[PDB]
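Data first, discussion second: the structure below is written as structure tokens.
In this analysis, Cβ positions are derived from the backbone assuming ideal geometry, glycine residues included, and neighbour counts consider all displayed protein chains. Numbers and lists here come from the model and the stated rules, or from a named source; no laboratory instrument gave them.
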Ligand SMILES: Cc1noc(C)c1-c1ccc(C(=O)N2[C@@H](c3ccccc3Cl)SC[C@H]2C(=O)O)cc1
Ligand SMILES: Cc1nc(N2C[C@@H](C)O[C@@H](C)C2)c2[nH]c(N)c(S(=O)(=O)c3ccccc3F)c2n1
Ligand SMILES: CC(C)CCC[C@@H](C)[C@H]1CC[C@H]2[C@@H]3CC=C4C[C@@H](O)CC[C@]4(C)[C@H]3CC[C@]12C
Ligand SMILES: CCCCCCCCCCCCCCCC(=O)O
């Protein structure tokens, strides 16, 4: 029983280990590009004028 | 506002009126929380959520035994932050599992959310504890070294006609729980210890009296008098 | 959901009569209720309205004082006490429902109707009244209000209803753009604040009927004379 | 047998750690240093949706970004109209012990759950004009902590029984179950594409699941306490967690590791809710210190404080168009926050 | 003179000690009212702070009256409005303190019933009753008056002012004083009879109740005693100017006992 209980954990760890991992720098650059590319469409980072604000 | 926005506002006002009526109806019942172990006997006290409704002195009580979820009483105890009190039923006859009960009471008392919720502690299975003390086969000194040097304090209240040994054991257990309770809280919430014989019919009366005291303390706090 | 109305017969002029609307199959206590009359060979005319809880009551200028609307929520029935019956009250009275909340479909279910025979308003204008249309082709009806029905909230409050011959009117569009549930996709609403158009992509034998456009924006509730579609 | 398996597991964990260290060529904090700071985010309470009579634990915005549903111990599930502060509906729940609520993407259905271990799906658009429970999804042995809609027919729920489940509303049975957590799952966030989702449990870990495959893809162990809330980056390639140790974290599904930690020495209380802005540059985060803090997701600099609540902030959500932020607290209030220009 | 200088010093000290404290208490009580399910005592406290603030706003007029020794005063309209407002706020505060005493006694003699059955409507009605009993009485008096700023009264006016003062004592103070004394005596005795399971600061509350009762009897006591003294002597007492100082001292001492006690 414990053998199958641990065997499952070992199989899950093997499945998680054998995955494609890109560099952290590339992921950070992608996140920065997404944040800087939708900045004008963000009504919280860049507040909209009170005319277009629906909660005025 | 338009004609269909005025009607929507009227509907919202009706919804708010119904909500206020429901809140007024539901504010008239005092909510509790049943806590304990498997052997505590929490179910047979008043004689996933298993709600229990009982009424004493024309006051409605709602005891919420949260069975089902089966681990530490954690991450769902935040919901029971507005309860009037917490009934912590503990089996005082089984010394082997006693330390687990004290640890559980310490964990419940020192909870970040139940920092204002008084605990009504019931020392269940009083007759079994008395029988165990009278038999002498099981000694509390084996599990609790501090019991060897413990004696019954003077000016006590041994109202039942019982042997000093049983009274000493009961007072030792109650003292342990009270010392756990008084190590924190700073008087914001207090623990009310009671003794239950598993056949007593006055548990509801004790709960009502303790809830009356708790509500009096809350009213005191509401007046900036405390 | 089914509204059945009874209590309308032959009444001498100057008399009194009461109409009863029996509501079943829906939460009558949460629905605002209207009364809509339709004179023979004439268009729909709004009569009275009572909201949920009987908070606000609005009557037409041609019935104020003579007629009164009341609702018996516990027994699910709507009533109109019609007094001083003039000979202009000789029309079928319908009992339409209307729940009002963001996204509601007001005027959704119209009652069956009861024929009573008495022995500052936005004027909607459905120019055409007769349209010879053959099944398969697209037809566009067209109303035109006096006041712009586009409130500041952004909602253009114009409703489009179709009455099949010998049937109670059924809402096709709510707030002009919206399409009512149980309504075929081909009917569509295109709108401008003073000009409103209803288009059916494919004609059907069921589709032919008289189409009526109403404004819910100011209290007096007007309906355009309507445009009968001839097969 | 058991000994070898316990070891093999340790060596696999060591291999995963070594791979993560190798892939960490740099860090997000040092990469995003030349960008101009967002400044000071000033937000004012546009609306105060009052009417709840007990502490709120959940809210969810509609896809139209105007209707929101809130859940509380009062026993009601109000469907607010945020623009005009109107109660469109007030659904009385059978169990007042509700800690979660959801709004369907189509807007036709809502869901609720809690200590009753049952997900109740309510049909808002009914011909009868009332809100009635269309389906009660039973089958979980623990309290429901979060429920999210995939579509009108599928809903994923997380419970305190260390499992997450994918339900079929039409049938009422778990289409797929998600096992692997060793603690009470306290939150879940569905990806923009709803093909993947993450769950934050009390074992201080976050697991990335697949709704179709039904197997965990990656795990993220960077916290020290229970993860009370989890969100998802708008692009779907990252997510943010909020734990009880007063620190948020930004994990990435591709680098498989935490990028930056959102912590301050002044804040010692745990995070209860986390949501990103529409662009993802801002990270709203509720806290038990009666305050909500806006974190610059690229620099970990607190860009503002949404201090308007008299009790613990429990729920928090940003509109789909990013036009507003609604925060619910235990003081039975619900405030809509919007920036001022 | 020495007496006028002392009165002015007491007035300015009272105003400076009260206005910021009363403003803070008003803000806190407004915030509490906006919170869900306010208690009647909270509405009564809000009304008491409003009455205290109204009294404090007209304190500068009493300061300039003391400075000018009644010799140099603004027109009759300003004096008649300010004296009416001051003397009506005094009795409004008296009746609101009487209402707060009733609420405190109710919340201790019947704890469970008070917690269950309380509604903000009771506090609103109590505040309205206090406001009526003070402002309407003062309005009736000022109306009968019209149909030194009320310092010197002739013999003809004396026969009208003295019985009205007797009424404004026996009906506007002796009833609130009696109910406050009874409520606080019962509060203290019930609290002393309570065997609090643990030490939850139930002696500090008894001390605070005794202090509040003493504050009531010291602030609103001599003022209304002066009415009986003047009626017996058939002449307005000369120490009314110094009794109203003690009466206004309560407007500054109220936030200390009701808000800053904790
Ligand atoms: C009536 C009448 N007719 O002629 C006369 C003279 C009166 C008359 C005037 C004054 C009083 C009188 O003693 N008051 C009233 C008062 C005083 C000053 C400003 C406003 C008001 Cl209301 S209220 C408080 C009381 C007080 O001074 O403490 C009694 C009777
Ligand atoms: C009928 C009534 N009158 C009240 N006031 C008192 C004064 C301050 O104002 C006037 C207008 C009347 C009440 N105030 C409060 N707190 C209550 S009660 O419902 O809580 C309650 C009910 C039964 C037993 C004890 C109680 F505490 C209550 N009830
Ligand atoms: C008597 C004079 C000095 C003061 C009069 C002020 C009174 C009449 C006013 C001021 C503020 C008002 C309160 C402010 C708002 C609330 C909260 C609501 O849930 C119940 C009514 C209640 C409690 C109002 C009752 C009336 C009120 C107390
Ligand atoms: C300034 C206002 C003074 C008026 C005083 C009226 C107080 C009314 C008190 C009624 C409360 C109910 C009394 C106890 C009821 C019971 O016996 O349980």
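Brief remarks on what is shown
- Qualifying residue in segment C:111-119 (condition: surrounded by fewer than 17 Cβ atoms within 10 Å (Cβ to Cβ), within 27 Å of residue C:52 (Cβ to Cβ) and assigned by TED's automatic domain parsing to the domain that holds residue C:16): yes
- Of the residues making up segment E:31-76, those that are more than 16 Å from ligand 2 (Cβ to nearest atom) and either assigned to a loop (DSSP other than H, G, I, E, B) or touching a strand residue (DSSP E or B) at 6+ places or on another chain (Cβ under 8 Å) (or both) are E:35, E:36, E:58, E:69, E:70, E:71, E:72, E:73, E:74, E:75.
- Members of segment E:80-111 that are assigned to a helix (DSSP H, G or I) and within 9 Å of ligand 2 (Cβ to nearest atom): E:98, E:99, E:100, E:101, E:102, E:103, E:105, E:106, E:107, E:109, E:111
Table: residues versus (1) in a strand (DSSP E or B); (2) within 19 Å of residue C:2 (Cα to Cα).
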| residue | (1), (2) |
| --- | --- |
| C:13 | no, no |
| C:20 | yes, yes |
| C:23 | yes, yes |
| C:33 | yes, yes |
| C:40 | no, no |
| C:49 | yes, yes |
| C:53 | no, no |
| C:62 | no, no |
| C:68 | yes, no |
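- Test result for residue C:29, in contact with a helix residue (DSSP H, G or I) (Cβ under 6 Å, 6 or more places away or on another chain) and within 14 Å of chain B (Cβ to nearest Cβ): yes
- Taking the criterion of being within 15 Å of ligand 4 (Cβ to nearest atom), surrounded by fewer than 17 Cβ atoms within 10 Å (Cβ to Cβ) and assigned to a helix (DSSP H, G or I), the residues of segment E:118-147 that qualify are E:121, E:124, E:125, E:128, E:129, E:132, E:136.
- Those residues of segment C:1-55 which are loosely packed, with under 15 Cβ neighbours inside 10 Å, more than 18 Å from the chain's Cα centre (by Cα) and under 23 Å from residue C:216 (Cα atoms), in sequence order: C:54, C:55
- Test: residue B:1 is outside any helix (DSSP H, G or I), over 21 Å from residue D:92 (Cβ atoms) and within 12 Å of chain C (Cβ to nearest Cβ): yes
- Residue within segment E:209-230 that is within 16 Å of ligand 3 (Cβ to nearest atom), under 20 Å from residue E:254 (Cβ atoms), more than 12 Å from every other protein chain (Cβ to nearest Cβ) and within 15 Å of the chain's Cα centre (by Cα) present: yes
- Considered as a group, the residues in segment A:12-49 that are more than 7 Å from every other protein chain (Cβ to nearest Cβ) and loosely packed, with under 13 Cβ neighbours inside 10 Å include one that is nearest to the chain's Cα centre (by Cα), and that residue is A:33.
- Hey, residue E:114 surrounded by 13 or more Cβ atoms within 10 Å (Cβ to Cβ), on the phi < 0 side of the Ramachandran plot, assigned to a helix (DSSP H, G or I) and more than 13 Å from ligand 4 (Cβ to nearest atom) or not: no
- Taken over segment C:165-181, the criterion of being in a loop (DSSP other than H, G, I, E, B) and surrounded by 14 or more Cβ atoms within 10 Å (Cβ to Cβ) is satisfied by C:168, C:169, C:175, C:176, C:180.
- Residue among D:226, D:245 that alone is surrounded by fewer than 19 Cβ atoms within 10 Å (Cβ to Cβ) and over 18 Å from residue D:194 (Cα atoms): D:245
- Unmet criterion (only one of (1) within 14 Å of another protein chain (Cβ to nearest Cβ); (2) in contact with a helix residue (DSSP H, G or I) (Cβ under 8 Å, 6 or more places away or on another chain); (3) away from ligand 2 (no atom under 16 Å from the Cβ)) for residue E:203: (2)
- Strands (runs of 3 or more DSSP E) contained entirely in segment D:75-154, each with at least 1 residues that are touching a helix residue (DSSP H, G or I) at 6+ places or on another chain (Cβ under 6 Å), more than 25 Å from residue D:228 (Cα to Cα) and within 8 Å of another protein chain (Cβ to nearest Cβ): D:86-92
- Taken together, the residues in segment D:63-80 that are surrounded by fewer than 24 Cβ atoms within 10 Å (Cβ to Cβ) and more than 21 Å from the chain's Cα centre (by Cα) amount to 1.
- Residue in segment D:12-28 that is more than 8 Å from chain A (Cβ to nearest Cβ) and on the phi > 0 side of the Ramachandran plot present: no
- Only one of the numbered conditions (1) surrounded by fewer than 13 Cβ atoms within 10 Å (Cβ to Cβ); (2) under 29 Å from residue D:11 (Cα atoms); (3) more than 7 Å from chain D (Cβ to nearest Cβ) is violated by residue A:2, and that is (3).
- Screening segment E:148-172 for residues that are in a helix (DSSP H, G or I), in contact with a helix residue (DSSP H, G or I) (Cβ under 7 Å, 6 or more places away or on another chain) and more than 11 Å from residue E:88 (Cα to Cα) and picking the one that is nearest to ligand 2 (Cβ to nearest atom) gives E:169.
- Candidates D:222, D:200, filtered to the one that is more than 10 Å from chain A (Cβ to nearest Cβ) and outside any loop (DSSP other than H, G, I, E, B): D:200
A quick yes/no check of all residues on (1) farther than 25 Å from residue D:293 by Cβ; (2) away from chain A (no Cβ under 14 Å); (3) touching a strand residue (DSSP E or B) at 6+ places or on another chain (Cβ under 8 Å):
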| position | (1), (2), (3) |
| --- | --- |
| D:156 | yes, yes, yes |
| D:169 | yes, yes, yes |
| D:182 | yes, no, yes |
| D:232 | no, no, yes |
| D:247 | no, yes, yes |
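- Any strands (runs of 3 or more DSSP E) falling wholly within segment C:77-149 and containing at least 2 residues that are under 30 Å from residue B:5 (Cα atoms): C:77-82, C:92-94, C:139-144
- Residue match in segment E:127-137 (condition: within 8 Å of ligand 2 (Cβ to nearest atom) and within 14 Å of chain B (Cβ to nearest Cβ)): no
- Selection of segment A:11-51 for residues being in a loop (DSSP other than H, G, I, E, B) and touching a strand residue (DSSP E or B) at 6+ places or on another chain (Cβ under 6 Å) yields A:44, A:45, A:47.
- Some residue of segment C:207-215 being surrounded by fewer than 14 Cβ atoms within 10 Å (Cβ to Cβ), outside any strand (DSSP E or B) and not assigned by TED's automatic domain parsing to the domain that holds residue C:107: no
- Evaluation of residue B:126 against (1) in contact with a helix residue (DSSP H, G or I) (Cβ under 9 Å, 6 or more places away or on another chain); (2) surrounded by fewer than 22 Cβ atoms within 10 Å (Cβ to Cβ) (one fails), failing number: (2)
- Test: residue E:184 is in a helix (DSSP H, G or I), within 14 Å of chain B (Cβ to nearest Cβ) and within 12 Å of ligand 4 (Cβ to nearest atom): no
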